[PDB]
Amino acid sequence: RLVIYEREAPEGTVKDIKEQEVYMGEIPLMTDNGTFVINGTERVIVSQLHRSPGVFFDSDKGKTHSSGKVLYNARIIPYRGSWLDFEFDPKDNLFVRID
Amino acid sequence: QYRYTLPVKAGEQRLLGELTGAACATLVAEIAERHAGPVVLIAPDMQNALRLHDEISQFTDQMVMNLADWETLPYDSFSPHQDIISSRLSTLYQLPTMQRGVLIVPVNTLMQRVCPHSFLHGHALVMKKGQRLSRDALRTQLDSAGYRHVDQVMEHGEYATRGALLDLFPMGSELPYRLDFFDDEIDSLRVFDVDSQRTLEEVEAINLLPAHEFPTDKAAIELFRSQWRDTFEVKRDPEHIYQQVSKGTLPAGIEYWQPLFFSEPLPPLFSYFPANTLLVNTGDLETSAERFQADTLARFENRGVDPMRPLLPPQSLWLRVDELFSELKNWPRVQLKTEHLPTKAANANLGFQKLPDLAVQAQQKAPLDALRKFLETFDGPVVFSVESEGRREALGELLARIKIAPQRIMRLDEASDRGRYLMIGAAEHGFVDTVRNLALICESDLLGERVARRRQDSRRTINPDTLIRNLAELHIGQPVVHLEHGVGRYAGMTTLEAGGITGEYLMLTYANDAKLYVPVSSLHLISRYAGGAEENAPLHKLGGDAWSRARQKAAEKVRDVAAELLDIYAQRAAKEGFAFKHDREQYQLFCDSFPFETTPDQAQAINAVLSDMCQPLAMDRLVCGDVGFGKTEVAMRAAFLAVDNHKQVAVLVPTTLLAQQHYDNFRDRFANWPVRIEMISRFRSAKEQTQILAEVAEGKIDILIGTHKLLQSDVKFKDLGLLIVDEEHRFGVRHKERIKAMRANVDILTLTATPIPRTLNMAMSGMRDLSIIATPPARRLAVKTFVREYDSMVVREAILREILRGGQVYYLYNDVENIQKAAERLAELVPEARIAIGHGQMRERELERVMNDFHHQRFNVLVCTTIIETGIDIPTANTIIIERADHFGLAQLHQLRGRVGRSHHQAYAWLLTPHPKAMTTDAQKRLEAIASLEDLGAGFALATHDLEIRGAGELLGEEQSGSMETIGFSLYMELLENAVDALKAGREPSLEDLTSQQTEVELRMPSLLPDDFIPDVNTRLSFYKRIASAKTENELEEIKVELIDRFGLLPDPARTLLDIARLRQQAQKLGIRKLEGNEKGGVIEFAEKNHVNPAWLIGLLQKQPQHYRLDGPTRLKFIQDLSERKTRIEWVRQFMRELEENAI
DNA sequence: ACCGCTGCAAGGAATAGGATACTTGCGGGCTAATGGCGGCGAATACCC
Ligand SMILES: Nc1ncnc2c1ncn2[C@@H]1O[C@H](COP(=O)(O)OP(=O)(O)O)[C@@H](O)[C@H]1O
């Protein structure tokens, strides 16, 4: 449904509005069992398990800089967008990196 | 007596008013002519300044200058182009003492501060012979500069002063100069030796201008570094400005780090004003200074970031506004403004009433009614103020229509009580000075309406009873007309949301059940049906978008090219070209007419032209080079050599405009020799065409210029000896060789800017000559060029950088359907630009209006298609913005880069790109090529980039660009020479005249011999020879059966060919000379001595007027639905069979 | 009274508009990576 604002009137008014059944895309249909028939072959999408978006605190357990020093770090992981990381210098700093 | 006294006081203001357009210029001309002292006009903006810069010289005679402003933006990243700086300081050198003269500076400059005068009066020297100055004065000025008295000067920092003669050895040059002061005046400028003390050169004015406005040496560098370490902080970076200048080299915007290069406070240029100077004002300062300062600050904290190149606060690089208005109380000041102040002292309003409505139009029967009714009732003198000389004649016959006589005067004071005069100048607007009843009328005071026309809106006048008078009791299912779209079936009222506004609407169903919901408010667009067919009403489809109608399926190859190209090439290589004759002194007297000196490469290009012209061979020379490098005078010297041998030079260009400049160039250069030079285009009338082209056969016109009109199969040169063709990369192949088809051994010279790949490759493969040119005579600019992504603020700052320079912008979009929308899209992006629209599809009068108003600076930015590619003047345009450089041919990319420039001003060129991975790979190769080469002389290698990315086209066909898997060049040469000796084997008539003697038998039907039937082009060629030379049906059939014998069956193109030849036999047998046919019918044109039965032809006409009409005496238009070409052939066959049965 | 001059009818003439067919270019549609370790140069910044 398309809205057209008439130019003569102030900001937000209706000249006219149209509507029609546009067609877009041919989405596959799952069968009654689980199968998506793609090209005469019979594919199945498997459920993916991935690391949940959110915020996690982690530490490489002293494998870096050899002092016995554990380096805590924080991740903010979006479902869609840019990542965000904080971490620790062995000299007891906080360091932010992006992407 | 004058009209008004002047401000002569420390800080008095003089208010002057009642001022309309262009009156202020002659007012300040009066000011300069009445004040013994300087006049500095402060301008509100560059544009008006530059406009006033040619205004004031129109009205008076004093020397008038701008101050060259830095061209850049505040805190920009660009050098101010040292040459401009060299102009800037130079004026600034003489600014402390300049007695008479007018200087126009803008508030952009006047708010800027300048050098502290220590550097200028120390580290620079301009000195002219007419400077009355003494000996010890210049001696102590050299002492104050710090120089040493050595009486045998050899070292920088030395000068001599013995008796009257003074010598100087500067910081700038390696040479000392002898001065020889006499009578408190300078009387020699003698460039004498470092040791031998004798003069090299006698000079009048010595120009030792510093290479910069700022000190540049070492002590300046550590002073600057001291200042930077005091102010900013230095970071370890090999691009940071501190380290960059510490290496001695310079970045672009370095001058905007001004004050660190002195360690003094900087003067506001008021220090450079003379003793009693008179400042005159225009518009106001009290507005423009504010928003300039606001822009200045806003830009400063816009770039008050970025430790890479930090900036000084603007308080050092500029005055503040209050600081200005304080220093503007230090000078006697004049304020001119465009209204009526009432009454006070130091104030006057002078009668400068704006002109009445004087305008022309073709709509009225007598166009000059306002002028013809104004002039007899204007009691005073009348002045006409034409800009151009030739445009003067555009007024000359124009007022001759109202029978009114212009006299050419020079001075505005030359007015009598009542007399009509023309003034050559640079005004833009007129007025009446009612003090003396004087009237000045500009040319632009005639054409006030730049207006379009409206259309449509038919049913809004249909207020009939079918409108239903907004009954609002309409039933569902009523077929209802809605005047923009058509008829639908009304299906009720419905509420819908619309973006925070709920509403009630009338749902209406069109075809393909597309709903349309008009508001209940605007119910008056909605009308009841009128046809009375409520249950038989149609339905419109909404939108009417029938683009789908661009699908597929067009055929080609209606006419072969390859055989004919091979034919003309063989004919050229068979005969011998003309050995021209050269006269030393006669050519030298023509060289004398050239008021310039040839660059050496240009000379040897000219020499290679003549030393190929005078040979038994045929000339075929590419004279490729960049635009503006002096190509035309090469053709001048070529044509003169050609024309004195009486050889009828023919000139070809691919547009009317280039022909128009060429007519001026040819006529003005050939101003002393008995040669008649003319042009032809569509702009010439037919009655002029019918004598020019006829006279070409007679031939007293020796030089003829034109568009494709020459190649219209009617132009008959009596002795063609020279073809010159300009702006090559057009013209296909057929138009290129269609002229050479007339004369096999004609000499061809082809000028170009960037040659097309085909003619580049054929030239580089030894078939045609090549002569490249470089090294332009004037030091032109390589207008910096960029290829960046599309960015709303990047284009904005580009537009701003151009407009606060003062010139104009070519902004090209190249899509006419949306250029109207793109206009406001740019316009609220830059609200202070002035935008007009121009493209090739307007009504062919508003376009010229737009371009002439552009030519008179009435607006700044022009949105356009590639109409500007035709190469117009107006060098004030200095910035190209190609919005979508994705889809544009690289040769005309170079051509559009040639459009800006044409000036000592540094032009700019931004090539907007889309996102790099979105575009075509070929577009990326094009843009990398154009980003690689930004110089002069780079046009040709850019054409080598045009080739080898597209493939140079087929050597024996059309399609100049393309890979195409062509004929190999070695095989090409073999086929060529085989055609050559087979041609000269027994003097075989050229195929082209077999075209001419053949009756016109065109039928819009594919008639040729296809390549699969005969691969060998010589064999197909000689078969063409044998069929068109065959004069009996017996021999036609023998050739046909021989073809069948040689290659199997006979395909349809061959069959159609052979029966058209059969038709040609009886066409030439009867006298049926011109036969055109098509789908719709066609024209049979007979001879004057024809074999037509006249009474029987009238019988045809009176039995079928629908299929026989004599439109002319022998022109028979027959109208037949010739859907099948076989039926077309048999129709014409049986028709001439009827005519030979009635032949007499 | 009768050419002399003017105002209008016409007729042709010229010119805009809107068709057609020809060239250059070139694209658009369309068929035909943020779950890893190690070496090494770069790039340091770092103390001398
Ligand atoms: N040898 C020369 N010395 C000085 N000026 C020249 C010389 N040759 C050309 N010019 C200048 O350059 C311009 C020549 O351009 P022209 O050959 O007419 O066409 P294009 O602009 O395509 O080169 C002229 O305006 C002329 O003033």
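Put a plus charge on the Cβ of each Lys and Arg, a minus charge on the Cβ of each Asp and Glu, and nothing anywhere else: the dipole of chain A about its Cα centre is then about 540 debye.
With a/c under 1.5 counting as rounded, go ahead and sort segment B:1097-1144 into rounded, prolate or oblate using the C-alpha gyration tensor (a ≥ b ≥ c being the square roots of the eigenvalues; past the cut-off, prolate if a/b is larger than b/c, else oblate). Note, shape of segment B:1097-1144 comes out oblate.
Equivalent ellipsoid of chain A: semi-axes from √(5λ) of the C-alpha gyration tensor, largest first, are 50, 32, 8 Å. Exposure proxy shown here: for B:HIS894, B:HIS1091, the number of other Cβ atoms within 10 Å sets the order, fewest to most, as B:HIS1091, B:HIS894. Considering the dipole of chain A built from charges on the beta carbon (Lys and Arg +1, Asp and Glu -1) around the Cα centre, which of A:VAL46, A:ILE76, A:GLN20 is farthest to its positive end? Of the listed residues, the answer is A:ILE76. With a cut-off of 15 Å between beta carbons, the residues surrounding B:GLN258 carry a summed charge of -2, where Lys and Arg count +1 and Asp and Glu -1.
Which FRET efficiency, nearest 0.05, do B:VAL305 and B:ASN463 yield, Cβ-Cβ r, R0 56 Å? Step by step, r from the Cβ atoms, then E = 0.35.
Among the trypsin sites (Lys or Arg not before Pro) in segment B:566-650, those located in a DSSP loop and surrounded by at most 12 other Cβ atoms within 10 Å of their own Cβ are B:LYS581. Counting every C-alpha pair in segment B:585-706, the share spaced more than 22 angstrom apart comes to 39%. Amide H to amide H, with H built 1.01 Å from N, B:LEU311 comes under 5 Å of no residue 5 or more places away or on another chain. Checking the Cα-Cα distances for B:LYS575/B:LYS1074; B:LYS740/B:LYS1069; B:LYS1069/B:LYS1089 against a 22 Å cut-off, the pairs over it are B:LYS575/B:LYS1074; B:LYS740/B:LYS1069.
Under the combined filter of DSSP loop state and at most 11 neighbouring Cβ atoms within 10 Å, segment A:2-60 retains these trypsin sites (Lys or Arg not before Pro): A:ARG7, A:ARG51.
In terms of its C-alpha gyration tensor, segment B:64-148 has a prolate overall shape, because the principal axis ratio a/c (a ≥ b ≥ c, square roots of the eigenvalues) is not below 1.5 and a/b outweighs b/c. Taking square-rooted eigenvalues a ≥ b ≥ c of the alpha carbon gyration tensor, is segment B:843-912 rounded, prolate or oblate, where a/c under 1.5 means rounded and, failing that, a/b exceeding b/c means prolate? Oblate shape, in that a/c is at least 1.5 and b/c is the bigger or equal ratio. When the GluC sites (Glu not before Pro) in segment B:922-1024 are filtered for DSSP coil states and for at most 10 other beta-carbon atoms within 10 Å of their beta-carbon, the remaining sites are B:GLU965.
The simple spin-label model puts a point 7 Å past each Cα toward its Cβ; for B:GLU484 and B:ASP54 those points are separated by 4.6 nm. Here the Kirkwood formula puts the hydrodynamic radius of segment B:144-253 at 16.8 Å, using every distinct Cα pair. Across the options B:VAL39, B:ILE104, B:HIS646, the greatest Cα extent toward the positive end of the charge dipole of the protein assembly as shown (unit charges at beta carbon of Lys, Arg, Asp, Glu) belongs to B:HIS646. Each residue in B:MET493, B:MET762, B:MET613, B:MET63 was given a count of other beta-carbon atoms within 10 angstrom of its own, and listing them fewest first yields B:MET63, B:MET493, B:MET762, B:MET613. Label-to-label distance for B:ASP61 and B:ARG454 is 5.5 nm, based on points extended 7 Å past Cα in the beta-carbon direction. On full extension, the segment bounded by B:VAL980 and B:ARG401 gains 202.1 nm, given 0.36 nm per residue less the C-alpha separation. With distances taken between every two different alpha-carbon atoms, segment B:309-425 has a Kirkwood hydrodynamic radius of 19.2 Å. The simple Förster model, with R0 at 41 Å and r as the Cβ-Cβ distance, assigns B:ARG843 and B:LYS557 a FRET efficiency of 0.60. Remark: chain B carries a charge dipole of roughly 2720 debye about the Cα centre, counting +1 on each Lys and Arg Cβ and -1 on each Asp and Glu Cβ.
Going by neighbour counts of Cβ atoms within 10 Å, the residues B:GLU556, B:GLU797 line up, fewest first, as B:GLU556, B:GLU797. Given B:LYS647/B:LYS1031; B:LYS631/B:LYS736; B:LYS553/B:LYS1040; B:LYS337/B:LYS784; B:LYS631/B:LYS709; B:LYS1031/B:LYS1080, which pairs have Cα atoms separated by over 29 Å? Table pairs above 29 Å Cα-Cα are B:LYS647/B:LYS1031; B:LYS553/B:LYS1040; B:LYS337/B:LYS784; B:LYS1031/B:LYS1080. Volume per residue, Å³, of the convex hull around the alpha-carbon atoms of chain B? It is 294 Å³ per residue. In this calculation the C-beta distance from A:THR35 to A:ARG1 is compared with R0 = 45 Å, giving a FRET efficiency of 0.80. Using the Karplus relation 6.51 cos²θ - 1.76 cosθ + 1.60 with θ = phi - 60°, the per-residue 3J(HN,Hα) values for segment B:480-487 come to 10, 8, 10, 5, 6, 10, x, 10 Hz, with x marking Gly and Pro. Normalised by the number of residues in chain B, the mean separation of alpha-carbon contacts (under 8 Å, six or more apart) gives a relative contact order of 8 percent.
Distant-in-sequence amide contacts of B:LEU208, defined by a placed amide H-H separation under 5 Å and a gap of 5 or more residues or a different chain, comprise B:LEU125, B:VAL126, B:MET127. Think of each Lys and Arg Cβ as +1 and each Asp and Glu Cβ as -1; about the Cα centre, that makes the dipole of segment B:869-926 roughly 160 debye. Derived scalar couplings between HN and Hα for segment B:528-536 equal 5, 5, 10, x, x, 10, 4, 9, 10 Hz in order, rounded to whole Hz, by the Karplus curve 6.51 cos²θ - 1.76 cosθ + 1.60 (θ = phi - 60°), x for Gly and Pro.
If the segment from B:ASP1045 to B:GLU535 were pulled out straight at 0.36 nm per residue, it would be longer than the present Cα-Cα gap by 176.6 nm. For the protein assembly as shown, the pair-distance distribution built from all alpha carbon pairs, in bins 10 Å wide starting at 0, is 1, 6, 10, 14, 16, 17, 14, 10, 7, 4, 1, 0, 0 percent.
Its relative contact order, with pairs defined as Cα atoms under 8 Å and 6+ residues apart, puts segment B:290-388 at 12 percent. With 0.36 nm allotted per residue and the present C-alpha distance subtracted, the B:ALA546-B:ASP83 stretch has 160.9 nm of extension available. Entry note, segment B:38-126: relative contact order of 47 percent, from Cα contacts under 8 Å with a spacing of 6+ residues.
Taking amide H atoms as placed 1.01 Å from N in the peptide plane, the amide H of B:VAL787 lies under 5 Å from those of B:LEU911, each 5 or more residues away in sequence or on another chain. Using a simple spin-label model with pseudo-atoms 7 Å out from Cα toward Cβ, B:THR865 and B:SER970 lie 4.7 nm apart.
Values quoted throughout were computed directly from the atomic coordinates according to the rules given, and no laboratory measurement underlies them. Neighbour counts run over all protein chains shown; Cβ positions are idealised from the backbone, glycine included.
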